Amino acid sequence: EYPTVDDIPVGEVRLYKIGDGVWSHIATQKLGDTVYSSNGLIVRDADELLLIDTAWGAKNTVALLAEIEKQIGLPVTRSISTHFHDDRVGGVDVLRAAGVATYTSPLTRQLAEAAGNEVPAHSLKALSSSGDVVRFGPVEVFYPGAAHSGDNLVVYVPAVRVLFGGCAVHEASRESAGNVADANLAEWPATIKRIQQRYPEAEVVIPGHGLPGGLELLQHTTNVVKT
């Protein structure tokens, strides 16, 4: 049932229900002669939605908003981007045009500017140091330290124990680290250990790319990373 590249054309978006008031969104994108899929999250708060990450570019992000309106029918009023790459901030300008208040950490804003990428309009204070956690509506936003990138964040939904690990967590089937050009391989194991110690009751862990699993994806990541 979980959507894969085999069942999503570039430009279409699927939603997948994870728990009470929580969905993932799945989109596809072509870089080389390589098609990839990518995951974000949607979380209900009263009569509005918090979005976690864009759908990897402007075209997919317009389609994401249309699919949310078809299937859920509540407005997206705020978003958080979990690092500075195009699968997280690509389409922020679509979000802004639609009246969404877009956020991320100050470091993500700085790195996205340096990369030429779109930049969320607002900073999350108090996320500058490894181990820092803030509340944001129905979630917790945690900065566990450098890993896939220097600025990567994870997002936990306490009411239903769902952790979105983003691109700092690899899916079960992946055995290589992927794109490491912004990675800190030396800190990556310590970063995974902070996530494990902070969220020991998580029932679902969603990676930035691929199939959701449970807490076993965290040790799996450490294993892929060392090698």
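Numbering starts at 1 and runs along the sequence shown.
Stretches 139-147 and 81-89 differ in mean C-alpha B factor, with the higher average recorded for 139-147. Mean CA B-factor, 41-49 versus 163-171: the higher value falls on 41-49. The residue among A114, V76, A121, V134 whose C-alpha carries the highest B-factor in the deposited model is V134. In the PDB entry, the Cα temperature factor peaks, among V180, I195, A202, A58, at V180. Remark: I206 belongs to the lowest third of its chain, ranked by C-alpha B-factor as recorded. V157: CA B factor in the middle third of modelled residues in this chain (values from the PDB entry). When the modelled residues of the chain are ordered by C-alpha B-factor, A97 sits in the middle third. Sort the chain's modelled residues by C-alpha temperature factor and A66 lands in the middle third, per the entry.
Remark: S176 belongs to the highest third of its chain, ranked by C-alpha B-factor as recorded.
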